Amino acid sequence: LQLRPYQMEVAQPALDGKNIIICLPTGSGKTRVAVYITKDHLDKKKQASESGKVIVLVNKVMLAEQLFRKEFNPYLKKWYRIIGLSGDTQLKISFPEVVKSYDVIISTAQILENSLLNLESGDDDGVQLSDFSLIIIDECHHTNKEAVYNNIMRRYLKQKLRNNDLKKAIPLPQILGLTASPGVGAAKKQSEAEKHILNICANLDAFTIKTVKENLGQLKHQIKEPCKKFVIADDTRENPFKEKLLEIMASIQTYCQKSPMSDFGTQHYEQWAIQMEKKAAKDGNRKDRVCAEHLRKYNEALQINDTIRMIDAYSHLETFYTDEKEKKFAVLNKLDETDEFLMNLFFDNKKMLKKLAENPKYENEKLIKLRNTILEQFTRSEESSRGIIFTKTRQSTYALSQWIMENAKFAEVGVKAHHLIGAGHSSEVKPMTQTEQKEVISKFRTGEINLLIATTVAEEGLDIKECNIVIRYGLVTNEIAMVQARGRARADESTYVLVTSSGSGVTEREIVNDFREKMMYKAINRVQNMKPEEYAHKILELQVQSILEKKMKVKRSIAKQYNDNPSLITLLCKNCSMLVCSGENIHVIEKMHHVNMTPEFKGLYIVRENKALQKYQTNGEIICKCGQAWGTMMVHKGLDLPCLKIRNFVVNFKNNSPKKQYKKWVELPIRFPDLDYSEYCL
RNA sequence: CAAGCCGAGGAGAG
RNA sequence: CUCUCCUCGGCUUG
Ligand SMILES: Nc1ncnc2c1ncn2[C@@H]1O[C@H](COP(=O)(O)OP(=O)(O)NP(=O)(O)O)[C@@H](O)[C@H]1O
Ligand SMILES: [Zn+2]
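The first sequence maps to residues 307 to 474, 479 to 643, 668 to 949, 954 to 1020 in PDB author numbering.
Encoded structure:
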């Protein structure tokens, strides 16, 4: 391992106590300075006959294996014992015991918190911080309100204040936070920015920040920025299609008699549709809620039309209505006035919309703009042409990947492309799996795919190869994502583009984040040059305030929903105001999954075979007689006992009918009994 | 590989 | 404070 000139000075105070933060730019060898500090700490604690254990904390799963393979093990295999832990191994089970060996631990975080609270809640073995001598951290800037890793530090600070009251002493460990930039936390002034930086430093018990300032030229030579760049377009033709949908929506409303006080093709209208649906369901009146459920789909179609082709919206709708027709046929294998009206309104115009959509006379601007942007680079760079795209949604990524596969020009220039999204199981899309992600990364590194389409997955964590033409298509989150993307593009003649529309304030937000970036550095300078006594005074005040802001939050949120009422309810279907279950019939397995095993509920539903699995069904999707999907099948002890949700159902209390929607099971106060086979059997 | 439970952060709009 | 979008983590059934 090598010791750069400028990494030295930033690391230097850490080597003798002095818990600190380190903010360097991106690509400056952050992991490697971590490694060096580790080796020093351990060699030191050996030379003094003192036990030395370092633990690395990360936020993601892949960075653990990552750092185990590339940085820590290749250099410290020979002197010390290393390991890498996560939620995707089997070493989680005896975590108190791996500590008894393996002087270098890498870990996902909440492993640790689980073990601490197990030591402090049950009679398990567990662990405390006293069994360490260093905590290294990646991505400092997540240390904010009740995240994970701040429990850790609130406990560290609690014990530190115990030590300080003792002084007027357990040996507490050392802490070394590493980041790219701690970030201004949503503050409209330089002073509140300062306050936020100090809040971070208190939540890490720091002594300084240690930005590089002296050996700066070596950085500028070894490390460089891309060039910021904007590309803007404007559109007022909307020629056949938009109005062809606004007509439909207007017709539906004037069939429903609901006045939005708002516009078509935006986000407030959506919120109205939601609360109207929820109200109609709490009341029970149809003709309003199902229509709302469709209007939401139309609004989504218009929003994606603002960014994506008409054909993608037409397809989105085709999928929706095709599914609904299949549902009604599976049920009927009756035809209310509502659904009949809606279908008759849609399918008559289906062929028209298909004709209007395929019309290259007016496709879109931003797509053409990025066409020009992309072709410029891949004509310039010629087989060293890596590429990245950022967008907001997942469906957009599928659409863009499809298009770049379809249009000949992009394939001509060697533009081999793949999509990428996250593994969260929500949001009406089939997510990806970690394996597909890692494979795509290795394909990018290999060179199979020249450009990647991504959501906010790409701006942090996983280690993509250095790039050229990072762009930004309809996304401005905050300064952090801005800088982290801005730190991808090495490989000279790099850029950082932003592609937006005219009448949607985005360049606004881009500029705001630029000013925030320029502000946090001023605040860093304000605090590094702060006097030590005043700095100490302020961090002590903030640590006290943070620990007091925990206690209160603890006092008002012990349970907040505790009234356990076994069967005081009835669960109805939300589409059709129809009985489905009572609360007594329901039970729980492994105190997590809710389920019912009475034959009355058995006969009411229908199973529609899986499209997720076709990409032999194992987990059927339930539907009603009406058509509203309810749940999913489940296999407990071979019993195909069918699970369910509480997002599609409605509640009716027996007393006075404040019917409510909950969106998930924990929110409601009442408790349900555990399962046991004594019922239906014996 | 599929299903689901809980928690957390960020951003928009209101 | 609510809704939507996005990401992440831990945990269970198969
Ligand atoms: N001190 C060092 N000496 C030699 N090579 C280094 C050093 N630090 C980093 N490298 C090289 O830089 C690459 C890994 O470091 P780097 O690119 O900073 O990854 P990183 O830690 O993820 N940067 P970042 O994305 O900001 O966290 C490899 O090609 C290493 O060979
Ligand atoms: Zn129903």
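Cβ atoms here follow ideal geometry from the backbone N, Cα and C, with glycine treated the same way.
| query | result |
| --- | --- |
| Using only the alpha-carbon positions, how far apart do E419 and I458 sit? | 7 Å |
| Taking Cβ to Cβ, would you say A823 is nearer than 8 Å to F724? | no |
| Comparing alpha-carbon positions, which option in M854, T629, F987 lies nearest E502? | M854 |
| Considering only residues of the same chain and omitting the five flanking positions on each side of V600, which have a CB-CB separation below 6 Å? | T672 |
| If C446 sits next to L514, beta carbons under 8 Å apart, how far is it from one beta carbon to the other, in whole angstroms? | 7 Å |
| The alpha helix (DSSP H) that contains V846, what's its start and end? | 841-862 |
| What's the gap between the Cα of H921 and the Cα of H578? | 39 Å |
| Alpha carbon to alpha carbon, what distance is there between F374 and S572? | 54 Å |
| Taking 5 Å as the limit, tell me which residues put their C-beta closer than that to any heavy atom of ligand 2, in chain order. | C907, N909, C910, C962, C964, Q966 |
| Taking the continuous alpha helix (DSSP H) assigned at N990, which residues delimit it? | That residue, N990, is in no alpha helix (DSSP H); its beta strand (DSSP E) goes 987-991. |
| Can you pull every residue whose C-beta falls closer than 5 Å to some heavy atom of ligand 1, listed in chain order? | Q308, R310, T332, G333, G335, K336, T337, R338 |
| Along the chain, where does the beta strand (DSSP E) that runs through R942 open and close? | 940-942 |
| With a Cβ-Cβ cutoff of 8 Å, do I417 and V641 count as a contact? | no |
| From the DSSP output, which residues share a beta bridge with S916? | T904 |
| Since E699 is in the alpha helix (DSSP H), which residue starts that stretch and which ends it? | It is not in any alpha helix (DSSP H) - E699 carries neither H nor E in the DSSP assignment. |
| DSSP three-state label for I722, please. | strand |
| Pick from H604, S835, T904, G721: whose alpha carbon is nearest that of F680? | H604 |
| Measuring alpha carbon to alpha carbon, tell me which of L709, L330, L1013 ends up nearest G493. | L330 |
| To the nearest angstrom, how far is it from the Cα of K885 to the Cα of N990? | 36 Å |
| Locate the alpha helix (DSSP H) running through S776, then write down its first and last residues. | 768-780 |
| Could you pull out every residue in the same chain whose Cβ sits closer than 6 Å to the Cβ of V747, ignoring the five residues on either side in sequence? | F712 |
| Using a threshold of 8 Å, state whether the C-beta atoms of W968 and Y939 are closer than that. | yes |
| Fully enclosed by the segment 423-456, which beta strand (DSSP E) runs are 3 residues long or longer? | 440-444 |
| Cα-Cα, which of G393, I441, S436, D431 is closest to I411? | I441 |
| Compute the distance between the beta-carbons of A623 and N615, then report whether it is under 8 Å. | yes |
| Just how far apart, CA to CA, sit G808 and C511? | 33 Å |
| Out of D633, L796, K530, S761, point me to the one whose CA is closest to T727's CA. | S761 |
| For the alpha helix (DSSP H) holding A503, just list the boundary residues, first then last. | 500-513 |
| What residues in its chain sit with their C-beta under 7 Å from that of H753, if we drop five residues either side in the sequence? | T731, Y732, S735, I787 |
| Classify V404 as helix, strand or coil using the three-state DSSP reduction. | helix |
| For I326, count neighbouring Cβ atoms within 10 angstroms of its own Cβ and tell me buried if that reaches 16, exposed if not. | buried |
| Report the three-state DSSP secondary structure of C910 (helix, strand or coil). | coil |
| Please classify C1019 as buried or exposed, where buried requires at least 16 other C-beta atoms within 10 Å of its C-beta. | exposed |
| Taking the alpha-carbon of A745 as reference, which of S776, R705, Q528, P694 has the nearest alpha-carbon? | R705 |
| Taking just the CA atoms, how far does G487 sit from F778? | 30 Å |
| Looking at C-beta atoms only, is the number of pairs between the segment 838-851 and the segment 518-527 that lie closer than 8 Å three or more? | no |
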